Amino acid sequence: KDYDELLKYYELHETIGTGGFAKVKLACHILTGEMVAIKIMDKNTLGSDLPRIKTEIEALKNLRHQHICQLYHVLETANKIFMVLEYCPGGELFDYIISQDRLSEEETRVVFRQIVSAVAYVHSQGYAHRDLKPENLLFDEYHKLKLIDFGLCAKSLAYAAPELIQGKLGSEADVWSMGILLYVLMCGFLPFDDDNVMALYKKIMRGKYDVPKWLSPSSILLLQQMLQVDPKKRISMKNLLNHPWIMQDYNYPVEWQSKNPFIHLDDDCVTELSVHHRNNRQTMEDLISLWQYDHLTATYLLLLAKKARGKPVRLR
């Protein structure tokens, strides 16, 4: 019914995740053969949370970055909203940490610099993510990280900053959450945890945590600077980018600027679309340039994706 519109363009496979607000299926984009992830939201059962959908959608239309999960297609039917996103076949950072127990400081740094790159970019575009946690970071085919779930972005509790849980500073709050992430990467458990939500809340407010024996002095220092209860004493995003711990083995600050921004339309993509559809090239350019996030946008972007990984730009 609502799936009729979607099934014009995608073959649906297994459900790969269910959350509070959405389920996500693996799918194949018929015209390109590309696997994608389709986020499915029922407008009726969301009700008051329907603003989360528009928030994520508007954010993702304004974010284009090597460590951010790309949006391809938005389809609205009578009862559903479908968001077609980049499929990350490596799954969740969280499950990767559990499988390894914890990461070495070297590997943590490799991973963490990608998280800082994504989040600093998000902030550079005027947003705070506000729901940073390892469930929301996925591995793509290259084993590079992609940030997801922009439903709470502005322009869980275990990861929420004291000031944010107190109802007041979105920038500083993301830094706190990245500190909790950093802790989990290196330790393999949360710095603040409890079965009772108010007791968890108290632990967060107190800011005291276990410091395991395998952590280097420099890592301990970085955690201390990120996990300051007072956001005014917390390390700013700026100084995180070139922090000495962060610079170890790299010697350059985190590269946060988008490496894949939308400058001019790509000729191979446009050409292939015009040839496959047997349409006037200029019309094809004009219709792509509406950037409607309809099936034409989807096809164009999934062709660019083929190019991004050195494959030829070809439609079935």
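Numbers for residues come from their place in the sequence shown, where the first is 1. Superpose the two forms; the largest set of C-alphas matching within 1.5 Å is the rigid core.
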Higher-deviation segment by CA RMS in 6 other deposited structures of this protein, core fitted, 76-84 or 125-133: 76-84
Superposing the other structures by the rigid core, the farther-displaced stretch by RMS over CA atoms in 6 other deposited structures of this protein, of 159-167 and 108-116, is 159-167
Among the other entries of this protein that model both neighbours of residue 21, is it absent from at least a third? yes
Taking the other PDB entries of this protein that cover both neighbours, check whether residue 249 lacks coordinates in at least a third of them. no
Please figure out whether residue 208 and residue 209 are truly consecutive in the deposited sequence or have unmodelled residues between them, and give none, 1 to 3, 4 to 9, or 10 or more. none
What number of residues from the deposited sequence go unmodelled in the gap from residue 168 to residue 169, classed as none, 1 to 3, 4 to 9, or 10 or more? 1 to 3
Going by the mean C-alpha B-factor recorded in the entry, which is higher: 45-53 or 29-37? 45-53
Quick check: 262-270 versus 249-257, which has the larger average CA B-factor in the record? 262-270
Name the residue from 158, 115, 221, 154 with the greatest C-alpha temperature factor listed in the entry. 154
Report the option among 238, 102, 133, 202 whose CA atom has the maximum B-factor in the deposited record. 238
Residue 109 - which third its CA temperature factor falls in, relative to the rest of the chain: lowest
Where does the C-alpha B-factor of residue 296 rank in its chain, lowest, middle or highest third? lowest
Residue 94: which third of its chain by C-alpha temperature factor? middle
Among the modelled residues of its chain, the C-alpha B-factor of residue 198 falls in the third labelled middle
Temperature factor at the Cα of residue 142, chain-ranked in thirds, falls in the highest
